[PDB]
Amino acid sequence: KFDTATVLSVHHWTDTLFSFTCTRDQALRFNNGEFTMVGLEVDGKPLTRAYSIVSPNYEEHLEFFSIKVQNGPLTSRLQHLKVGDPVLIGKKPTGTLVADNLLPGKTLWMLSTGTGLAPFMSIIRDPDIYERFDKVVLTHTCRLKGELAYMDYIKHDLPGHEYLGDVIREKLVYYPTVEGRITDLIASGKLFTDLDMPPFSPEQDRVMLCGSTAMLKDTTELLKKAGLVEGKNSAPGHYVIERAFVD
């Protein structure tokens, strides 16, 4: 069920965060925003975890962005990856952060906490996104030099799509929130006054959430009260959600 890929590059941005790129099987096809399984063979068995695919689907390699968890079975080992090392990559990506599950609208909001920024690193490089939205807002919890350096590097990695540089410049806004401070910024209305945007309505706003279970719970409650409905394959809506990690 796994491709054995070869690690092409490895980057340590901070003492808790690393990214890597690796070879991409021809069968690995996906929509920007989706996740797949990534792991290593440990004691003769696959040890794997869900990871958002950071790279856009037109990039010829894959990229992933990882936390280093202290006694984390996978990340305590994955952090030691070297160029040329093998890594297991799940052959079937999936996920709910899928724009086709959002009714047409004018503003796209991406509300992320922690490593939940990861799927949005792929989506903000999807040219289709700017063809269907007036403005894109990415909220995040990155505060450290190395975290911001990563997002800055990502936004310019645009193979075959250099023209998107000007589009991203014009249409994409990054809003620092620093981890469940976003819910409060919504409830108080300060998110919207800060950015000079109208409060959420299903008329206008499409929202993607990727963060903790707690952040998802509290924030969707506010979206539902504004009249927004969760989208799904069989019924596009106003918002979609995915956990950044499992409690």
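One-based numbering along the sequence shown.
Per the record, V178 and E179 are separated by a gap of 4 to 9 residues from the deposited sequence that were not modelled.
Higher mean CA B-factor, judged across 219-227 and 15-23 from the recorded values: 219-227. Of the two segments examined, 76-84 and 127-135, it is 127-135 that shows the higher average Cα temperature factor in the deposited entry. As recorded in the PDB entry, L191 shows the highest C-alpha B-factor of the residues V207, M37, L191, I67. Among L103, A118, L111, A149, the highest C-alpha B-factor recorded in the PDB entry belongs to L103. Per-chain ranking of the deposited C-alpha B factor places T94 in the middle third. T107: CA B factor in the middle third of modelled residues in this chain (values from the PDB entry). For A244, the recorded CA B-factor ranks within the middle third of the chain. Only modelled residues enter the ranking. When the modelled residues of the chain are ordered by their C-alpha B factor, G33 lands in the lowest third. Per the PDB record, residue ranking by Cα B-factor puts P199 in the highest third of the chain.
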